[PDB]
Amino acid sequence: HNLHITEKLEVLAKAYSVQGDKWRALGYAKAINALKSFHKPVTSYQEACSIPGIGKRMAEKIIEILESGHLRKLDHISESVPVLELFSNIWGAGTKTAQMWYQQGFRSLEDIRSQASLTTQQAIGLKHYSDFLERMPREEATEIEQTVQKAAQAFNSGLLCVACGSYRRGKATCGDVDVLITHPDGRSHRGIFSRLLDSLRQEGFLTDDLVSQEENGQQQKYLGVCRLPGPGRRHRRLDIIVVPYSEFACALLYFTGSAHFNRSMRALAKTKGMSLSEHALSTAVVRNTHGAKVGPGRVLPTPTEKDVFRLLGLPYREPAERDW
DNA sequence: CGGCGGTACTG
DNA sequence: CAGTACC
DNA sequence: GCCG
Ligand SMILES: [Mg+2]
Ligand code: NA
Ligand code: NA
């Protein structure tokens with residue numbers, strides 16, 4: 001339903017997030033995702049508490065709003081939150097850096113540009129501040145995947161390239177492009193990055209690099225910036241991971257998401273004494289009282305996403321049924 | 001009381 | 001290592 | 001923040 005109330009909680013959720021109160025912000029995270037997944041809206045301090053994810057304190061405020069239209073917290077929110085959100089929206093900069101800059105008296109991107117000490121990643125983020133905030137129509141996401149897949153098969157017709165993330169989940173727009181590159185023969189994917197990177201660099205397709213350790217042939221991922229030729233083109237974020245065919249499934253699942261999906265999913269295997277990762281699904285995982293993995297385990301074979309759902313006692317769910 | 005996902009670069 | 005990032 |  002999307003109640004004007006939850007629309008007032010997200011205002012807080014983001015507040016505690018940017019302020020670095022991850023856990024509390026996480027609490028407001030699921031309580032909102034619940035009120036957003038409600039068939040028809042409620043108006044009782046009880047019926048609400050009933051709803052899974054919504055705790056005592058949560059409903060205590062719901063009343064106030066619905067009931068009133070007022071929310072005490074919203075008015076006592078530090079006049080720092082917006083500036084922290086501004087700063088935190090710079091790629092490479094998080095809550096920690098944001099609070100540091102604010103503490104140093106920084107209040108705008110102007111101030112950041114002239115006086116702030118930036119990392120190479122943040123300098124790039126600031127450079128495309130607006131670009132990194134827009135989404136692209138999926139049609140263009142396709143053109144970018146196609147562009148990488150072309151440069152990939154360009155030297156190995158066996159290379160399998162796919163576009164994951166929100167794309168594979170069937171969204172109209174995309175925040176970036178997440179390309180997965182593997183190889184059925186389980187070996188031909190070895191030490192290829194620089195080949196492709198240098199290829200896409202030839203096409204002038206890549207504009208900037210954020211994360212790319214290529215001096216080490218074991219590089220797993222590439223996060224960078226690209227831009228199609230022609231006018232009206234904007235810079236877009238491009239992520240690329242190359243995994244061996246053996247972990248393809250788990251990689252595909254991971255890269256498809258959503259983020260809340262993998263967390264919730266991995267939390268499930270966690271209970272069943274199992275462990276899931278972009279690499280593989282393990283069973284008989286040894287952990288201590290603090291949930292820390294003390295002993296690895298057996299990597300169950302999983303050549304298809306279905307196998308993962310299956311092994312986790314879960315019914316398969318299409319990429320579109322993962323958008324949560 | 002205390003976990004809340006599992007992992008890959010950067011400097 | 002802490003920070004930040006990918007989903 | 002919630003929840004075991
Ligand atoms: Mg994406
Ligand atoms: Na950021
Ligand atoms: Na991405």
Side-chain angles (χ1 to χ4, degrees), chain A residues 9-10 12-13 15-17 19-21 23-34 48-49 52-62 88 90-100 117-122 124-125 132 163-169 174-180 209-216 218-224 237-243 247 250-271 274-282 285 287-293 296 319 322-324:
Chain A
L9 296 178
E10 300 158 358
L12 265 174
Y16 291 131
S17 172
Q19 291 159 178
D21 196 310
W23 304 137
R24 171 153 300 185
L26 186 60
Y28 281 68
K30 292 185 172 181
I32 291 177
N33 180 60
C49 300
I54 301 70
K56 179 179 181 178
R57 310 198 58 174
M58 204 56 79
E60 294 182 54
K61 301 193 187 69
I62 293 178
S88 77
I90 297 184
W91 197 105
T95 178
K96 290 301 187 172
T97 304
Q99 302 203 78
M100 186 208 77
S117 173
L118 298 172
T119 60
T120 303
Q121 304 184 320
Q122 307 170 330
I124 292 173
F132 295 174
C164 308
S166 66
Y167 183 76
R168 185 163 185 275
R169 295 211 305 288
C174 305
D176 78 335
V177 178
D178 304 291
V179 185
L180 187 168
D209 301 346
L210 288 169
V211 181
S212 182
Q213 173 185 293
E214 22 193 294
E215 51 293 317
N216 170 284
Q218 307 304 297
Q219 162 180 36
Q220 290 188 54
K221 68 171 73 182
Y222 169 87
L223 312 177
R237 283 272 290 91
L238 175 60
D239 297 352
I240 298 175
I241 66 172
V242 177
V243 303
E247 320 166 333
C250 287
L252 183 62
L253 182 56
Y254 151 68
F255 227 19
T256 300
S258 68
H260 295 173
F261 173 97
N262 299 337
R263 300 182 72 171
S264 298
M265 185 169 254
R266 300 182 182 207
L268 170 57
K270 194 72 165 182
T271 66
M274 302 175 87
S275 180
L276 175 59
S277 82
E278 43 265 55
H279 283 298
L281 178 63
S282 299
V285 179
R287 303 192 185 71
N288 57 46
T289 307
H290 317 302
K293 188 180 67 60
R322 308 178 188 179
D323 184 3
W324 55 276

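The figures here come from the full heavy-atom set of this structure, side chains too, leaving out hydrogens, waters and symmetry mates. Order of the sequence lines fixes the chain letters, A, B, ..., with proteins taken first and strands second; residue numbering starts at 1 for each chain.
Between the A:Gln122 side chain and the A:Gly92 main chain, a donor and an acceptor come within less than 3.5 Å of each other. Proximity of a side-chain donor or acceptor of A:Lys61 to a complementary backbone N or O of A:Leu9 within less than 3.5 Å is not detected.
Rounded to an integer number of Å, the gap from A:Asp176 CG to C:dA5 P is 13 Å. Here B:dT10 presents its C1' atom at 14 Å from CG of A:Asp209, a figure rounded to the nearest Å. In this structure, A:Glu215 places its CD atom 11 Å from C1' of B:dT10, rounding to the nearest Å. Between A:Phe255 atom CZ and B:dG5 atom P the separation is 20 Å, expressed in whole Å. Following rounding to the nearest Å, A:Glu247 (CD) and C:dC7 (P) show an atom-to-atom distance of 19 Å. When the P atom of B:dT10 is taken as reference, atom CG of A:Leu210 falls 10 Å away, rounded to whole Å. One can place CG of A:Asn216 at 10 Å from P of B:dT10, the figure rounded to the nearest angstrom. Between the CZ atom of A:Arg287 and the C1' atom of B:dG5 there is a distance of 10 Å, given to the nearest Å.
To the nearest 0.5 angstrom, A:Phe261 atom CZ is 9.0 Å from A:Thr256 atom OG1. With rounding to the nearest 0.5 angstrom, the NE2 atom of A:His279 is 4.0 Å from the CD atom of A:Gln220. The CG atom of A:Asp176 sits 8.0 Å away from the SG atom of A:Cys174 when rounded to the nearest 0.5 Å. To the nearest 0.5 Å, the span separating CG on A:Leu268 from CG on A:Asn262 amounts to 12.5 Å.
Phosphate contact (OP1/OP2 of B:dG3, side-chain N/O of A:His290, threshold under 4.0 Å): present. Of the side-chain N and O atoms in A:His260, none sit less than 4.0 angstrom from OP1 or OP2 of B:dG5. Taking 4.0 angstrom as the limit, A:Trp91 places none of its side-chain polar atoms (N or O) nearer than this to OP1 or OP2 of C:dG3. For A:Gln220, a side-chain nitrogen or oxygen approaches OP1 or OP2 of B:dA8 to under 4.0 Å. A:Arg237 has no side-chain polar atom (N or O) that falls below the 4.0 Å cut-off from OP1 or OP2 of C:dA5. Between A:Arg266 and B:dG5 there is no side-chain N or O to OP1 or OP2 distance below 4.0 Å.
Using a 4.0 Å heavy-atom cutoff across all strands shown, A:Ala269 reaches no nucleic acid atom at all. Among the heavy atoms of the strands, none lies under 4.0 Å from A:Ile241. At a threshold of 4.0 angstrom between heavy atoms, the contacts of A:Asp239 are confined to the sugar-phosphate backbone, with no base atom among them. Looking at heavy-atom distances under 4.0 Å, A:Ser264 makes no contact with the nucleic acid at all. Residue contacts shown for A:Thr119 are absent, as no nucleic acid heavy atom lies under 4.0 Å away. Among the protein residues, A:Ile90 comes within range of the sugar-phosphate backbone only, with heavy atoms under 4.0 Å from sugar or phosphate atoms but none that close to a base. Heavy atoms of A:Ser212 sit under 4.0 angstrom from primed sugar atoms or phosphate atoms, though from no base atom. Within 4.0 Å of A:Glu278, counting heavy atoms only, lies at least one base atom of the nucleic acid.
Looking at the side chain of A:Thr97, the nearest of the listed nucleotides B:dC9, D:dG1, C:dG3 is C:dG3. If you check B:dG6, D:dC2, B:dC9 against the side chain of A:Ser277, the one that comes closest is B:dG6. The listed nucleotides are B:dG5, B:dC9, B:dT7; the one nearest the side chain of A:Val211 is B:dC9. Candidate nucleotides C:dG3, C:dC7, C:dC6 were compared by shortest atom distance to the side chain of A:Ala259, and C:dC7 ranks first. In this structure, of D:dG1, B:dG6, C:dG3, it is B:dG6 that holds the atom nearest to the side chain of A:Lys270.
Atom name P, nucleotides B:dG5 and D:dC3: the rounded distance is 15 Å, in whole Å.
Residue side chain A:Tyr28 does not reach the base of D:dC2 through any donor-acceptor N/O pair under 3.5 Å, judged by distance alone. For A:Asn262 against C:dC7, a side-chain-to-base donor-acceptor contact under 3.5 Å is present.
For the residue pair A:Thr119/A:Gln121, the side-chain donor-acceptor check at 3.5 Å is not satisfied.
Stacking annotation: A:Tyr254 is not stacked on the base of C:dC6 (requires ring centroids less than 5.5 angstrom apart and an interplanar angle below 30 degrees).
Judged by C1'-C2'-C3'-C4', the furanose ring of B:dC1 adopts a south pucker.
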